[PDB]
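Next up: a single chain in structure tokens, the form deposited in one PDB entry.
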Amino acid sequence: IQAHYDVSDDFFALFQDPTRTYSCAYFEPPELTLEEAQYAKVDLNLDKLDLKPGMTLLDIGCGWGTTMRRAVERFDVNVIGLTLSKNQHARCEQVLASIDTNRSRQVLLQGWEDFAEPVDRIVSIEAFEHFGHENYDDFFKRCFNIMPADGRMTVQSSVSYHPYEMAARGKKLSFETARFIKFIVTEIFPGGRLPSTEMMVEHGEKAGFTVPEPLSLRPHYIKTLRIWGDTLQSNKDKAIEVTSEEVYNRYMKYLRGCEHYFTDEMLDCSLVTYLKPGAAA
């Protein structure tokens, strides 16, 4: 009965930009539209990956396929995307099928747990918080093992802090943040779990990866969540029509709540890079 909290693609179209990106944008230049800023976040990730023409890139949690398209277009690489959504899958094939390229392009309806084919490079933008702590060793091991000697991966993920770190900020705020996080992980992304940055880093390291200092995206998620919130708000009535007032207020609280806790430095978002020992310098 986890599917009570399932919301239709229609609803998400009433807050997200045209690319249907459901992750932190990168406003650099700061004057970028959200849509521009989502392309910019995609580039930010891919440009870390030492992609060369004819490599195969893996997108773990590929959504609507925008990352994969931009990759094949910009880097002339083959792509493979993993998604758990039947709709995302059909969309992705259509998106990929339209590209003017001899490059191989492929999208699978399944998790990384079931993927074990050799790829050169890996991107994963905000799928990670769906995985669960219990699965982290197996994730970084799978990723290390499917890549060549020079492999690289980025993982972008919202992040919380260890209950120890949060107490330093005061108990009132620490229990309040804990409850909000439970909310996210229950009603927004059922079964989810926010890692901390330190977990992202150390699991990567235990698997054999070199991990430079993660990049914080916090102010960008502030701006993203502002625009997401404002957009849903301005579409209040269509939103309710497509779902319920329940669903609507649920998402307004998510967007405004995250924006608030990010502003309060109670949440973060890290773009972590994992480099195999043979990665290019």
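For the two forms, the rigid core is made up of the largest set of C-alpha atoms that agree within 1.5 Å on superposition. Residues carry their position along the shown sequence, with the first being 1. Only residues modelled in both forms are compared.
- The stretch 157-165 shows the higher mean C-alpha B-factor when 157-165 is compared against 143-151 in the entry.
- 234-242 and 41-49 differ in mean CA B-factor, and the higher of the two is recorded for 234-242.
- When the modelled residues of the chain are ordered by their C-alpha B factor, residue 189 lands in the highest third.
- Split the chain's modelled residues into thirds by C-alpha temperature factor. Residue 170 is in the highest one.
- Residue 29: CA B factor in the highest third of modelled residues in this chain (values from the PDB entry).
- Ranked by C-alpha B-factor against the other modelled residues of its chain, residue 65 falls in the lowest third.
- Per-chain ranking of the deposited C-alpha B factor places residue 101 in the highest third.
We do not show the form solved in complex with a small molecule, though everything after this point is about it.
- This chain lacks the partner; the member of 132, 163, 118, 208 within 4.5 angstroms of the small molecule in the deposited complex by a non-hydrogen atom is 132.
- Among the residues 143, 127, 107, 72, the one placing a heavy atom within 4.5 Å of the small molecule in the deposited complex is 127.
- Residues with any non-hydrogen atom within 4.5 angstroms of the small molecule in the deposited complex fall in just one of 144-152, 190-198, 165-173, 97-105: 190-198.
- In the deposited complex, at least one heavy atom of residue 185 sits within 4.5 Å of the small molecule.
- By the criterion of a heavy atom within 4.5 Å, residue 19 is counted among the residues contacting the small molecule in the deposited complex.
- Using a 4.5 angstroms limit between non-hydrogen atoms, residue 78 is distant from the small molecule in the deposited complex.
- Using a 4.5 angstroms limit between non-hydrogen atoms, residue 156 touches the small molecule in the deposited complex.
- 128-134 is the sole run of three or more consecutive shared residues whose C-alphas all shift by 2 Å or more between this form and the one not shown after the rigid core is superposed.
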